[PDB]
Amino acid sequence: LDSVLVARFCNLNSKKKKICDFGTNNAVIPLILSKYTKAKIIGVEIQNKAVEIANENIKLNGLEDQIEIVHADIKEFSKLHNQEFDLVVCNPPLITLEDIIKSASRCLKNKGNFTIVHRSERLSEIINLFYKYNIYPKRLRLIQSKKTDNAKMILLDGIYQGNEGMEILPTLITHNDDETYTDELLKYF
C-alpha cells in the first residue's frame, strides 16, 4: 500500500525523461509510473530473486522498451550515474536512511526530484538530510488511519539544487471509522 501511494505522489511532468527506483522489488512502482509517463525507468534491486519477477512483470506487460532492471546496490550504482535522472523514487525497507538520500543526490540532474515515503517519526531527520545534500523539500503529504489518528506515514518530495519553500498537501485519511477505505483513498488504486 505504501508503494501505490508513493507512485501516485510522484510529480510526473514532461521534463521527466529518465527515472529511477531505489530498491524496486517486483517493479510495481515502475509499472504504475508506466501508466503516466513516457520517460525511461530504471529499477535497482540487490537480490536476483526480485530481478526475475520484475523482469517477468515488464515482459508480461510489454514495456521492455521503457523499463529496465539493474542488479546493484543503490550506493555503488549511484556513484556511477552523476546528473542522470529527473526523478528518483524510493520506498525504503545494509542501507541507512542517510545512504538513500546521499545516493539520490549523487545521481540526480540539477533541479531533479527525489520522492520518498517513510515513517512520520522520521520527518525532521529526513528534512535535515535533504538539506545536508542540497535537496530542497517541496511537497509533503501526511497519512493518517482515521481522522482522529496520529499520522503513521509521510510522503516527501524534494528538488536537488532547488530553491526554498514547501507545499503541504491535504492530509490523507485512509479509512473511515467503519474500517472502510475512504472515498479519497480510492482515487489511488
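Start at 1 and count along the sequence shown; that's the residue number.
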* **Between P93 and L94 - deposited residues without coordinates, as a size class** => 10 or more
* Tell me which of 42-50 and 121-129 has the higher mean C-alpha B-factor in the deposited entry. => 42-50
* Asked: Is the mean CA B factor in the deposited entry higher across 7-15 or across 20-28?
  -> 7-15
* Is the Cα B-factor recorded for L33 in the lowest, middle or highest third of its chain? -> middle
* Taking the C-alpha B-factors as the PDB entry records them, is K59 in the lowest, middle or highest third of its chain? -> highest
* Asked: What third of its chain's C-alpha B-factors does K146 belong to: lowest, middle or highest?
  -> highest
* Asked: Among the modelled residues of its chain, does the C-alpha B-factor of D65 lie in the lowest, middle or highest third?
  -> middle
* Structure fact -> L97: CA temperature factor from the record, placed by chain third, in the middle
